[PDB]
């Protein structure tokens, strides 16, 4: 059992517990291929090792070995054939691959290669290489493999910064991880911009990195400093590196600023290069949604003639792109929610309902998203299905998720409005009286609350 025990001491994708789910694997593979072709980074060893790991999980071990050989080839060709500790991730993945393929003599050869380097560098462990480069590699792998891994990713980069606070690579990874984690909390009450200072430091330490700049721009826009942010958008757009990724986030920036036509032009250029990106399809749908809202206001809700044709084009285009996003990544919860809401605009309540039913079964990484799912389904029930019974059920389910948020407050207000309406048509509805007491209790008005709870009690 020495071989398997030794393999478990290696630091590589096989021991990083990435937990890649089958239903997210097609999208992951597409994003890995996009990154190989279009993200300009100093080292590409990590991304080719992740592609090999994906190929292995797909049952394509010979294809996996080709990616590991490419990782080794690129490491030398583009860095003066110098030795680099990042090779140990590749060798570790070779050892695991050969073990799984039954090429056990070769697996042992790769264990021996790793051991030889750990000894040469006075590493305390025989096989587990302790160095900042491999902490970074672990972090980048976690960061590519879905939101459930982001706290672990951030901690990988933080471990480096606790020893070397000006390390450029880990500054970048820590800032991106922190930014995405801030996004998970962006609608929660009293959320704070933990990623802002990290992003400023990462831009300082990585002055040519346009990916970091556009995230800094977006966080500045979040914090009410759009003009400052726009300077970073312009700097990133002036450099050719990673252009297709810069376009995604610049487009978000311009959409949120109100320059939707400009956003769409950038996204359509980006789609020429990465047509499988679910982020691009979702962002494109969001632009069409924003244009729909614009047309509705200019025509005060009653577009006719060419305006009606334009509106229908926006609705059907948003549906097309939201459907494209969820075909490619069926776990993309918020894209299903935007899709359901757009089927309401199209007048197809059966397809809206179908997508809401799908959403009610999901288990998002961000648990608060289920507040939005119940809230919007409750609104659909109240306003499209004319079912106060089901509206109340789902407003209550949103409220039961206790985390204070924009949506939980809207759900309380919507429930209040609904029950006040029912009491106007029937002042002695006992269920409505106690729900109104509940609402007032959640708001803090304890005397009004107990009044309605008592009033409700008497009648019974």
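Positions refer to the first chain, counted from 1.
- Item | Of 272-280 and 100-108, the one with larger mean CA B-factor | Between 272-280 and 100-108, it is 100-108 that shows the higher mean C-alpha B-factor.
- Compare the mean C-alpha B-factor of 156-164 with that of 380-388 as given in the PDB entry, and name the stretch with the higher value. That would be 380-388.
- Task: Identify, among 54, 39, 65, 428, the residue whose C-alpha carries the highest B-factor in the deposited PDB entry.
- Result: The listed residue with the largest C-alpha B-factor is 428.
- Task: Can you pull the Cα B-factors for 442, 12, 25, 18 from the entry and say which is highest?
- Result: In the PDB entry, the greatest C-alpha B-factor among 442, 12, 25, 18 is found at 442.
- Message: Quick check on the deposited entry: does the C-alpha B-factor of residue 31 sit in the lowest, middle or highest third of its chain?
- Response: Its C-alpha B-factor, which the entry lists for residue 31, ranks in the lowest third among residues of this chain.
- Message: Which third, lowest, middle or highest, does the C-alpha temperature factor of residue 207 belong to within its own chain?
- Response: Tercile = middle for this residue's CA B-factor.
- Item | Position of residue 235 among the chain's modelled residues by C-alpha B-factor, lowest, middle or highest third | Middle third.
- Ranked C-alpha temperature factor of residue 87 among modelled chain residues, by third: As the PDB entry reports it, the C-alpha B-factor of residue 87 lands in the middle third of its chain.
- Message: Can you tell me whether residue 411 has a C-alpha B-factor in the lowest, middle or highest third compared with the other modelled residues of the same chain?
- Response: Middle third of the chain for residue 411's C-alpha B-factor.
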